[PDB]
Amino acid sequence: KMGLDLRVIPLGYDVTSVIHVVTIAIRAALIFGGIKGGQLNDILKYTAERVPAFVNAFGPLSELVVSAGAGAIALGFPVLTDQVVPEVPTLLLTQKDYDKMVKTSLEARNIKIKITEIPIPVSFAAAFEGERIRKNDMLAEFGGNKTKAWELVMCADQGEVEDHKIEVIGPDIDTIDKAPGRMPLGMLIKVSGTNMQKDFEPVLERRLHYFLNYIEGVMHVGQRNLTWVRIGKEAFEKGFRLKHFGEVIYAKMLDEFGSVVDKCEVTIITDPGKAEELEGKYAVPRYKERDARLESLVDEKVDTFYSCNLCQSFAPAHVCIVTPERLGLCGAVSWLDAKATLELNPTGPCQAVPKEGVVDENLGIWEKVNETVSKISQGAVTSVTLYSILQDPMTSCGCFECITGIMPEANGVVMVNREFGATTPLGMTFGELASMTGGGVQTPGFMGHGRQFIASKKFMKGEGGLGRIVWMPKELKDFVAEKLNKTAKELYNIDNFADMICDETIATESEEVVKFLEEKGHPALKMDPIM
Amino acid sequence: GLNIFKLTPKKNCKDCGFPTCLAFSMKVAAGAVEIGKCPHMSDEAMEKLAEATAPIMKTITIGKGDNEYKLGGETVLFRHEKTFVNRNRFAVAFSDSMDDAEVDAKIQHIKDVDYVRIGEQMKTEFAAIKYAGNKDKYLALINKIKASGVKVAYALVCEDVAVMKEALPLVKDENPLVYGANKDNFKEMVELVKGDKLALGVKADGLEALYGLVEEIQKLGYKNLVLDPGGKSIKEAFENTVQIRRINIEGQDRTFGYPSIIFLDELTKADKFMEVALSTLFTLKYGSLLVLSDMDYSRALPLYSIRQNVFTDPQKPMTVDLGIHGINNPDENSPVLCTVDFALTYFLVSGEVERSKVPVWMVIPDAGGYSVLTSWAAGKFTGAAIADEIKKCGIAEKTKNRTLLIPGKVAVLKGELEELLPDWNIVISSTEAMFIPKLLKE
Amino acid sequence: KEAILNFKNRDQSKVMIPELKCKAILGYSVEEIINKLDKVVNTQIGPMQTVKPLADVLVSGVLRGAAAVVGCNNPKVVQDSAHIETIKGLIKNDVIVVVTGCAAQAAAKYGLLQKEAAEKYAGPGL
Amino acid sequence: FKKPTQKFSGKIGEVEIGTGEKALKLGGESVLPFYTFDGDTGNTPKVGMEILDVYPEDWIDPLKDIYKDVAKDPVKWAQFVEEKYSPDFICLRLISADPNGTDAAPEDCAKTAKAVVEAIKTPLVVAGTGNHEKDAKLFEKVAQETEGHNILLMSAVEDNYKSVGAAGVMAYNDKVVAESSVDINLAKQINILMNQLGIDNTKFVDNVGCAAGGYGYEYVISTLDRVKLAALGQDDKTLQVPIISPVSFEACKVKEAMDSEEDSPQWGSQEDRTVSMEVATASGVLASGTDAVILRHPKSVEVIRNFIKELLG
Ligand code: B12
Ligand code: SF4
Ligand code: SF4
Ligand code: NI
Ligand code: NI
């Protein structure tokens, strides 16, 4: 059925009639691109980037047809044919298989078709998130203490993934005795793309938690091999099977992550043997390598930090600089998270900050960092220091959980947490410290940060290191003690550095804390004066 | 504020009342407390920090206990930069060349236009009594206003020193504003206001003449000043006000570091809507004390609403108290309505509920001081928070009613709540707040 | 360890290191070249992991040919002059150049072993 | 004293709306609003009046008395408003296309917009509903039908920013409003998205949000201050487009404005409260850096025009 509304337009029986669609691309540059006539290079650049046209030349090709195809190539339109031709990669391609010509052309022109609906019987929507189904409603249960279940998103070469390939290994939920039963669940999502890299694998994986939760009748909580999934009996009635897991995952992966994901393959494994074999072969090595990469990343290896300005809605001058060792002070934005956000969401909160114009690497001063901070904060903050608390410190917004303040009598710094409602050696409570520190104002001697920055190598590197930590609430100390002791052992100190740090149980007062520190041989009493 | 800590004796004797010397350093750095509260301060550093802590703009206090208002004390030209400290005040203008009917009408308007909006009492703050030529009528008007019973501060506008000497003792004990200093009578005005530390109003033609007059007054030793930016037209008055504020703030000049008084009734020729427009303008543009011809609800509602909005602290917005709010004297059996900590949200919701006259208990969780969806999209408003607050608040005081209404604009929160509150009947009510009174009625 | 211990005998007054260094990209084994060529292979056509894209560009005439530049320096020739001139001429004529040895190092010093060099020296097809 | 003479490196761009001698220009200022002492304000702020396609049942009784004989017909309503009050522009709000209320096909609203635009000489602003999905199709149809008059399309939010951008600026040579919600960074994002699409700063204006006085007004004020300071002080090229604020959309629906005198006897005249709310909101946003305002009551239009004339001249 041919028509303009049917999007099937016959131009003419002569080869020269192909110019009538060429002028469509040409006038698209003239009308929508706003390019004046005579700017041929700009028009050719426009049609190559903006007009997703391609040529399918069928049947024997005369010299005139080939020369007209060279015109299509001149406009950036790849030419596909079923004839033997002198192929040019990405420009002139031979595809004899008529069953694959459409798919070949879409790949050659980088055309993606949006799957409007997910082919599932059960309703899919965001409003169905958090609707817990009880034991009475439940049919199937995966993971937890009942059995072993795992999920993994891995990047693979395009050859190893097949587009829209949803397969199930082992029995389905239809073989269940109709009683609530236990069976292992292995979810394996292979994703391939030109812009996809390994550092983006965790991010997509997190979205899996939401993608399964938007289906009514199924709930997913947990991560990696701690997968914990429940499927209700009503899903069993409506016609929900394990293949719809793959259908939903594929649809949402191609929708949300179309920028970096070109091909997606979802595999559901139910066999006791195959699930464990694939978890051992694929899941655990990638979990270990992700943990190792998170552990081993330092500011020296990278050459690009990331600026985040998400919290400028309530702290107009606040700019967060995220390094491998300095997390976003909200505690939820990391260096890898910022890189993934910049790749997936350009013109978003996270932007690249090149490491150029190094001024003081001990203190953490770069000319490019100062330039970016001045630009993003709209000139409110001009010069910043990444690793020092007293000299041109970073600002704080108000999402932070921990506040580090300076205690000069102890020649160190105390730390307060949001959940700690009592007083500190410093006097101010967390609320007064929060009012003094947050809001995007550079306040020397005070800073806001998360729990992970405490055990960092760059924590107060400009003032000596984390040896300045002289007071900390007992819960915070118990949470951080392992990594704090590791970093202090690397610094210059016996491993049990947590015990020398005072807490609210021992003493919350100036002279008492000072006496405990000096009787305990705290390193902060043997350093240079902090101010 | 860590710089002043070095000048401090660094001996946490807690004589100042602040827990540590660093606590005192940070308290006086914010400008909340002056530097003189340290008894052990070294004299040289004491003077140094008396000069250093000196605010760029002086704060003038006018009135007694129930009519005490603070003017000035600002630090930035835009509220998003740091904040706006002291809200502007409104005066109603009376003149001795007025009929007794008009004076009585204005007094009745001052008494009638008085309400409470989000915990702040909106009412006329000042009576600006102007001298129009007759001493006896001026004194009679002052006595009539005093005896009428209006709870307002007093601003006596009289450039005649002879009249002012007799008029001042009528309202001297109430800490008034004495406006009328000129280039020739400022000596006598300073002598009049110097004994009781009364605020003195300074006026001159042009900004340069005003600057010279303020310098002449300051050389006499008086600093309790309220400036009149002047201007024969609206454009010139706006220019003078903006220039005074920017000279004080951007130029770091203490000569113009004083609140301004703007007579909008004279600029607008008693035009009500032009008064509203200029009052909003000078609320946003450095007008400390705005004088208006009259006061009614058409003036009061938008002006007071906007003034309440503008002078909120950007870092700490208005938040209602956590707990269980009783509306329409709820008994044991009364429906329970849950809503966020945001003051505007609670204001609207409780206005709808109180108008419904149905006894409805109200529960406020800790949503971070954000609207329902702003907090929800930020994730601070979930079903877990509602369950936690319902369990802890103490709803057990009143029982036999399990229908709980939840903000309708967030409906995705439903599924969790029924699991977290099995006995409670969780209802996701209508989105719009105008549906609330009918739903409570039915 | 012998080399490291000799650092104590350094005479820093006799040291002069010219501030002239150049970024280079290398590592193009046949396997690496095939991996790079896999990008311009249409997945629906293939095959993968062959030299077929290179053969295609050579046969179509987009690339006129491939030339290997190898060899040493020689005091008889202005050092690195012939290497650089030959390489620039070849790539300007849409001849892709593979380099080894001291010629490759002359190209590295000059700055030809850079992606940017493609738009600075190469002809249209290359 | 030294006169404060801080200079700005930025300048707000100018956008032209309408055709003929009634066409209005927005932007061009190099200083803060009404700061004629600091420098030059490129164009005077413009005041527009709001009309609907359907009869305004929810409006206050005095407004229905003002338009008792013309409110039935949008064409007659627009001609009456132009002949009686002569605003800088007319905002035709297509509320009959709102999916939550009465729902209409985009063809009917486009026909109404064409009928209105071919009967008036003043610039026309066509505003849709709050639904993005409906807005995309509605604005495509409206821009196709009302071609050749350089109308302004409101609420080109991010979700449909392409569609309203393509059917508007690109195809039929109209202007558009990039709409964000009380955020300077979201305004920057929508401006950058419009620029990357192929739409210049001379082809759209910004709506950084609008609210009535007392209901989140400080957020609008702070957003206006921040965008103005960034555009002028920082020479931020992505924020140098003029700003339009629809005041009557929010200021006229609040309890203070819409309560009748019988509903609140102590408050007084309903018309006076409506005009006062409109005037206060418009005055505040004009002082904070808006370039055009949409007002409903003609008395508010007159008061705001006199306010602008007094401040600028
Ligand atoms: C002002 C504003 C801000 C300000 C102030 C927020 C505040 N503290 O109130 C700030 C900058 C903080 C802000 C931030 C964000 N905002 Co905001 N915000 C707004 C805005 C403009 C108005 C909100 C408001 O003032 N509401 C007033 C109160 C009274 O409304 P309310 O609480 O919803 O109450 C209504 C109903 O809920 C009902 N009601 C209330 N309680 C109850 C209870 C019951 C039982 C019932 C039946 C009814 C009911 O009564 C009221 C009706 O009159 C809206 C746009 C809009 N026009 O709605 C965007 C908006 C809500 N923001 C939004 C978002 C997403 C955000 C952010 C999360 C991200 C961003 N920048 O957009 C951030 C979060 C910051 C943070 N850390 O929390 C979105 C929400 C979208 C969504 N569906 O998730 C909007 C719609 C903007 C948009 N881009 O479209 N925001
Ligand atoms: S605290 Fe976190 S969310 Fe806020 S700006 Fe920094 S990285 Fe972004
Ligand atoms: S009174 Fe002075 S010396 Fe004593 S604790 Fe307070 S600030 Fe320190
Ligand atoms: Ni933050
Ligand atoms: Ni924060």
For region B:305-420, take every pair of Cα atoms, bin their distances at 10 Å starting from 0, and report each bin as a whole percent.
13, 45, 33, 8, 1
Evaluate the distance, in nm, between pseudo-label points positioned 7 Å from the Cα of C:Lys120 and of A:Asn195 along their respective Cα→Cβ axes.
2.8 nm
Using the structure shown, select from A:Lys375/B:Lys232; C:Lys39/D:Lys237; A:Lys301/C:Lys14; A:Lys135/A:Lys274; B:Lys123/D:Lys228 the pairs with a Cα to Cα distance greater than 31 angstrom.
A:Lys375/B:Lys232; C:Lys39/D:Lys237; A:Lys301/C:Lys14; B:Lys123/D:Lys228
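Just the projected area, averaged over all directions, of the convex hull on the alpha carbon atoms of region D:1-122: how many nm²? Let's see the in-between values first.
On the way: hull surface 45.4 nm².
Dividing the Cα hull surface by four gives the mean projection, 11.3 nm².
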Theoretical FRET efficiency, 1/(1+(r/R0)^6), r = Cβ-Cβ of A:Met531 and D:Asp159, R0 45 Å, to 0.05
0.30
Taking the alpha-carbon centroid of each part, what is the distance from region B:387-442 to region C:45-63 in angstrom?
68 Å
Let me check the size of region D:137-183 from its C-alpha atoms; what are the radius of gyration and Dmax in Å?
10.2, 33
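Need one value for B:303-311: mean number of C-beta atoms belonging to other chains within 10 Å of its residues' C-beta atoms. Could the numbers behind the result be given before it?
Details: counts 4, 2, 10, 11, 2, 4, 12, 6, 1.
Other-chain Cβ atoms within 10 Å of each residue's Cβ, averaged: 6.
Using only alpha carbon pairs under 8 Å that are at least six residues apart, calculate the relative contact order of chain D and give it in whole percent.
So the answer I get is 20 percent.
Provide, as a two-decimal number, the C-alpha radius of gyration of region A:1-109 over 2.2 N^0.38 Å, N being how many residues it has. The partial results should precede the final answer.
Values: Rg = 14.4 Å, N = 109, 2.2 N^0.38 = 13.1 Å.
Normalised Cα radius of gyration, region A:1-109: 1.10.
When A:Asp82, D:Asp69, D:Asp200 are ordered from fewest to most other Cβ atoms inside 10 Å of their Cβ, what list results? List each step's numbers first, then the result.
Details: A:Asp82 17, D:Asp69 10, D:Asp200 13.
Listed from fewest to most nearby Cβ atoms, that is D:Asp69, D:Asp200, A:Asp82.
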Is the C-alpha gyration tensor of region B:161-307 telling us rounded, prolate or oblate? Criteria: a/c under 1.5 is rounded; beyond that, a/b larger than b/c is prolate, otherwise oblate.
oblate
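Considering all alpha-carbon pairs of chain A, what whole percent are spaced by more than 40 angstrom?
Values: 64277 of 140715 pairs.
Percentage above 40 Å: 46.
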Förster-model FRET efficiency, 41 Å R0, B:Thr431 and B:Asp205, C-beta, rounded to 0.05
0.10
Just to compare against my own numbers: the Cα pair-distance distribution for region A:402-520, 10 Å bins, whole % per bin, please.
14, 50, 33, 3
If I fit a long axis through the Cα atoms of helix B:234-249 and take the longest principal axis of the Cα atoms of chain B, what angle between them do I get, 0 to 90°, rounded to 10?
80 degrees
Pop the C-beta distance of B:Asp196 and B:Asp136 into the FRET formula with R0 = 22 Å and round what comes out to the nearest 0.05.
0.35
Throw me the Rg/Rh for the protein assembly as shown, computed over C-alpha atoms with Kirkwood Rh, two decimals.
0.99
Nearest-ten-degree value, helix B:272-284 long axis tilted from longest Cα axis of chain B:
90 degrees
Return the average number of partner chain Cβ atoms within 10 angstrom of each residue Cβ along peptide C:50-56.
2
Partners for B:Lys137 among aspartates and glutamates (Cα-Cα distance below 12 Å; same-chain residues under 8 apart left out):
B:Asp96, B:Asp99, B:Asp100
Compute the relative contact order of chain B as a whole-number percentage, counting only Cα pairs closer than 8 Å that sit 6 or more residues apart in sequence.
12 percent
So for A:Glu247, A:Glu237, fewest C-beta neighbours within 10 Å to most, what's the order?
A:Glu237, A:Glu247
Partnerless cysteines, meaning none of the other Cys C-beta atoms lie under 4.7 Å away, in chain A:
A:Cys155, A:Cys264, A:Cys350, A:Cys402, A:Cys502
Points 7 angstrom from Cα along the Cβ direction at B:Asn328 and D:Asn100: gap in nanometres?
2.4 nm
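Scale the Cα Rg of chain D by the rule-of-thumb value 2.2 N^0.38 Å and send over the ratio, two decimals.
Numbers: Rg = 18.8 Å, N = 313, 2.2 N^0.38 = 19.5 Å.
My calculation over the Cα atoms of chain D gives 0.96.
Can you check what the net charge comes to around B:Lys64, using other residues whose Cβ is under 11 Å from the Cβ of B:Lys64 (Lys, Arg +1; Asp, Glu -1)?
On the way: positive: B:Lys151; negative: B:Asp66, B:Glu68, B:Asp173, B:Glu174.
Local net charge: -3.
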Give the separation of the Cα centroids, region B:256-270 to region B:96-151, in Å.
18 Å
Of all DSSP beta bridges in region A:126-285, antiparallel share, percent nearest 5:
50 percent
Over all pairs of different Cα atoms in region A:284-384, the reciprocal of the mean inverse distance gives a Kirkwood radius in Å of 14.3 Å
For chain A, the longest principal axis of the Cα atoms and the Cα long axis of helix A:40-50 enclose an angle in degrees, to the nearest 10, of 80 degrees
Can you tell me the length gained on complete extension of the stretch A:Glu482 to A:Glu276, counting 0.36 nm per residue apart and subtracting the Cα distance?
71.0 nm
Determine the relative contact order of region A:294-377: mean sequence separation of Cα pairs under 8 Å and six or more apart, normalised by residue count, in whole percent.
28 percent
List, in the order given, every pair from C:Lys1/C:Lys23; B:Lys130/D:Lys309; B:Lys64/B:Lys183; D:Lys46/D:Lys203 whose Cα-Cα distance in the structure shown is over 21 Å.
C:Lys1/C:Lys23; B:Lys130/D:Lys309; B:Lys64/B:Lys183
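Compactness ratio of region A:126-285: Cα Rg over 2.2 N^0.38 Å, N = residue count? List each step's numbers first, then the result.
Working: Rg = 15.0 Å, N = 160, 2.2 N^0.38 = 15.1 Å.
That ratio works out to 0.99.
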What are the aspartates and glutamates whose alpha-carbon lies under 13 Å from the alpha-carbon of D:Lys121, with same-chain residues fewer than 8 places away excluded?
D:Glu21, D:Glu82, D:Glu83, D:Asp88
Distance in nm between pseudo-label sites at B:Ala30 and B:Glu188 (7 Å out along the Cβ direction from Cα)
4.7 nm
What's the magnitude of the charge dipole for chain A around its Cα centre, counting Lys and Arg as +1 and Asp and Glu as -1 at the beta-carbon? Answer in Debye, nearest 20.
1000 debye
What is the projected area of the convex hull of the Cα atoms of chain B, averaged over all directions, in nm²?
26.1 nm²
What helices in chain D pass both tests, a Cα length along the helix axis of 18 Å or more and a mean Kyte hydropathy of 0.0 or higher, using whole DSSP H runs?
D:184-197, D:217-232, D:270-288, D:298-312
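Computed from the coordinates by the stated procedures, all read-outs in this text should not be read as laboratory data. Cβ: placed from backbone, ideal geometry, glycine included. Neighbour counts: every protein chain shown.
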